[PDB]
Amino acid sequence: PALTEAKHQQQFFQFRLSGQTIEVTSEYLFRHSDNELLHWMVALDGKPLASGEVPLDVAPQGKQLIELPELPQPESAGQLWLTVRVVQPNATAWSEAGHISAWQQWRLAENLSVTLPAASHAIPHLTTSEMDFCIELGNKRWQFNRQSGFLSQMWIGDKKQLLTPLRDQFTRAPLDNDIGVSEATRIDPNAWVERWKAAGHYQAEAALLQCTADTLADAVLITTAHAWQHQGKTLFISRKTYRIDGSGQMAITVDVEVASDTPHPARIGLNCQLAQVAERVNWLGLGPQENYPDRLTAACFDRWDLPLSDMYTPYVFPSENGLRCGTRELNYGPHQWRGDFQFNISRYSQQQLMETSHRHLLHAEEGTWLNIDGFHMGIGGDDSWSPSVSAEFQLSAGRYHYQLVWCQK
Amino acid sequence: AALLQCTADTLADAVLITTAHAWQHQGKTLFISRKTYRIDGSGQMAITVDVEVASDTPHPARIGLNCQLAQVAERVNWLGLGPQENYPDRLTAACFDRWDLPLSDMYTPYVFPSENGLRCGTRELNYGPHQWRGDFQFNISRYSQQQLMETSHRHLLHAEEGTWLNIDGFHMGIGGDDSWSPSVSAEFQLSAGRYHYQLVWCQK
Ligand code: NA
């Protein structure tokens, strides 16, 4: 995946936008742009609106100005994105026709959605057992374990949807950059994986603080709190609210506290193993390739649709992989998640990736592991023998907030 | 402000008010604010605020609440950065501790009146019978942001009835590399798009 990031940063055409005018700059020192068009696409949350191509005639170290036509200006809700591609129409000795050599993206206009959703014809019903809070609406059932405090299972008809409960996750299968030169024999305490392991991040057990059900006029409200401890020290606290409304939508609100003096965690999100194994993964966000907070400049905001196999990156030493960032919608089988999040999705658990030394020893697990993070630590890589993740990409904030909506389709 | 949603619910141990406003100007929606007020058996009001800011409007000066209190107390007591005025890009000299000052010292008499007297990184603020807890920046004065904005000299300011309280989840840097061009650096601009902050309002 890193190659695209190299391609994007090393590109020979740099862009600036002012109003509807694009300043293209040439960083070539000897040749004109004698084999280059600029293609441009304007899109509203992935749906294309306007297109077009304009010839490029930039002297070496020169500038060309390009005025766009009066773009489409819809009242419909969403963010408008401009994307430009530089395309070589002709083959070279090193490339074939239609090769893309450079690109750049901008947000244009956003119109926030102000409409209230239409009132539902139905109210979701709460069923209280000693062991469970269960919620029914139509063909759909939700079950919350009152001993654990997690969503244990969801139903569409007789069909169960989960193999593992939906739980918080503050750890990732360590990257080569998290490990450095640390070895089982000779530990390096300065490596991120060792700081994490020493602090109990990987061995932290969840302790239920609160687990409460309430009925509202139009919804059921499940409210929970867990503390993750290691040998007496409280590392993380997660407070959630699950709000299931008449439309079959489950709004999850997460509010996490991280102890100031524990090593900054690798991620703040949820994960679960779903029962479904679908062939395609469709998301609105940065893509199409794998991208991380400190490696997402080559990625672009659009609708992407790839096979599940392409959402796993076969690094020979298995680690956390296949994350996409800045995602507003994710689709997998009947499931849809909405919000503002990072995700990865594969047949391989963070547990299996962490414990397996070679990609050829991995086995597909029963279902599909889904990690949804509100926040993810940078990957670093200025070197691979000392901590390389810059301060801006470490999760030091202390308090974190993220919101998901889980619904069916 | 245009009211979108205003609902009440009764829970086992508390009452929950949920609201949603849109701030508009000539057809353009600039901000949306979704809140939950949760008043529980202990007389404590827990307010959750979730704001959207349009990506193409200028990054706003602050994101918080404000009210005029009836109370005028003689002292202000807070746990956070102080004792002096401090802003996000000017708080290195400030130190985290419990600060107790006269309300006079919570206002900075700049000759040209502006926003002033903010303290940042505060977990607890105490004024008269009121306590607010959370993670916020505040200023507290007898002078509304409106009076300060409309007044050109400090000697023409008049104490209004009661006490104006600004509690911000987030507050833009003050800049100052020069004062004839924008000088607040990107990291101190409110460009995130979605913001969240949480207060609890208390009696003592
Ligand atoms: Na491994």
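In order, the protein sequence lines correspond to chains B and A.
Just so you know, the first sequence maps onto residues 615 to 1023 in the entry's author numbering.
Just so you know, the second sequence maps onto residues 820 to 1023 in the entry's author numbering.
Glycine included, each C-beta is placed from N, C-alpha and C at the ideal position.
Do you know how far the Cα of residue 828(B) is from the Cα of residue 996(A)? For this step, residue 996(A) is matched to residue 177 along the second sequence. For this step, residue 828(B) is matched to residue 214 along the first sequence. One Cα belongs to residue 996(A), the other to residue 828(B), and the distance between them is close to 53 Å.
So within the region 905-984 of chain A, which uninterrupted alpha helix (DSSP H) runs reach at least 4 residues, ignoring any that extend past its ends? 964-969
Which two residues bound the contiguous beta strand (DSSP E) that contains residue 810(B)? Looking up residue 810(B) in the first sequence gives position 196. Under the DSSP assignment, residue 810(B) falls outside any beta strand (DSSP E), being part of the alpha helix (DSSP H) whose first and last residues are 806-812.
Tell me which residues share the same chain as residue 907(B) and place their Cβ nearer than 7 Å to its Cβ, disregarding the 5 neighbours each side in the sequence. Locating residue 907(B) in the first sequence gives position 293, counting from the first residue. Only 939, 990, 992, 1007 meet the Cβ criterion.
Span of the beta strand (DSSP E) around residue 567(B): Look at the range of chain B in this structure, 615 to 1023, and you will see that residue 567(B) is not part of it.
Given a cut-off of 8 Å, decide if residue 894(B) and residue 660(B) are closer than it, judged by their beta-carbon atoms. The residue labelled residue 660(B) in the question sits at position 46 within the first sequence. The residue labelled residue 894(B) in the question sits at position 280 within the first sequence. No. Outside cutoff.
Count Cβ pairs between the region 922-929 of chain B and the region 868-888 of chain B that sit closer than 8 Å; are there 3 or more? The region 922-929 of chain B, when compared against the region 868-888 of chain B, does not touch it at the 8 Å Cβ threshold.
In the DSSP assignment, the beta strand (DSSP E) including residue 878(A) goes from what residue to what residue? Mapped onto the second sequence, residue 878(A) falls at position 59. Residue 878(A) -> no beta strand (DSSP E), and no H or E assigned at all.
Is there contact between the region 737-752 of chain B and the region 888-904 of chain B, where contact requires at least three CB pairs shorter than 8 Å? no
Below 8 Å, can you find three or more Cβ-Cβ pairs linking the region 943-962 of chain A to the region 1007-1018 of chain A? yes
Beta-bridge pairing of residue 784(B) - partner residues as DSSP gives them: By 1-based counting over the first sequence, the position of residue 784(B) is 170. DSSP, once it has assigned bridges, lists no residue as partnering residue 784(B).
If you measure from the CB of residue 910(B), is any heavy atom of ligand 1 nearer than 7 Å? The residue labelled residue 910(B) in the question sits at position 296 within the first sequence. Every heavy atom of ligand 1 is 7 Å or more from the Cβ of residue 910(B), so no.
Does the beta-carbon distance from residue 670(B) to residue 634(B) come in below 8 Å? In the first sequence, residue 670(B) corresponds to position 56, counting from 1. In the first sequence, residue 634(B) corresponds to position 20, counting from 1. Not a contact, by the Cβ cut-off of 8 Å.
Measure from the C-beta of residue 728(B) to each C-beta in chain A and report whether the shortest distance is under 8 Å. Locating residue 728(B) in the first sequence gives position 114, where the first residue counts as 1. Interface annotation, residue 728(B): in contact with chain A, CB-CB separation under 8 Å.
With a Cβ-Cβ cutoff of 8 Å, do residue 858(B) and residue 738(B) count as a contact? Sequence index remark: in the first sequence, residue 858(B) carries index 244 (1-based). Sequence index remark: in the first sequence, residue 738(B) carries index 124 (1-based). Yes.
Opening and closing residue of the alpha helix (DSSP H) in which residue 793(B) lies: Numbered from 1 along the first sequence, position 179 holds the residue referred to as residue 793(B). Counting along the chain, the alpha helix (DSSP H) containing residue 793(B) begins and ends at 790-793.
Below 6 Å CB to CB, which residues in the same chain sit around residue 691(B) once its five sequence neighbours on both sides are set aside? Within the first sequence, numbered from 1, the residue matching residue 691(B) stands at position 77. Here the set comprises 725, 727.
Determine which residues of the region 903-925 of chain B have a Cβ less than 7 Å from any Cβ of chain A, and write them out in chain order. none
Cα-Cα, which of 872(A), 932(A), 1001(A), 1003(A) is closest to residue 723(B)? What you label residue 723(B) is simply residue 109 of the first sequence in a count that begins at 1. Nearest option by C-alpha distance: 872(A).
Can you list the residues of chain B that residue 871(A) reaches, using a CB-CB cut of under 7 Å? Looking up residue 871(A) in the second sequence gives position 52. In chain order: 726.
Starting from residue 868(A), follow its DSSP beta bridges and name the residues at the other end. For the purposes of this step, residue 868(A) is taken as residue 49 along the second sequence, with counting starting at 1. Partner(s): 854(A), 1016(A).
With DSSP as the reference, please indicate the residues paired to residue 759(B) in a beta bridge. Here the question's residue 759(B) lines up with position 145 in the first sequence. The partner list for residue 759(B) (beta bridge, DSSP) reads 746(B).
Run of the beta strand (DSSP E) containing residue 844(A), from where it starts to where it stops: The residue given as residue 844(A) occupies position 25 in the second sequence. First-last of the beta strand (DSSP E) with residue 844(A): 833-844.
In whole angstroms, what is the alpha-carbon distance linking residue 834(A) and residue 860(A)? Along the second sequence, one-based indexing puts residue 834(A) at 15. Along the second sequence, one-based indexing puts residue 860(A) at 41. Distance between the alpha carbons of residue 834(A) and residue 860(A) is about 9 Å.
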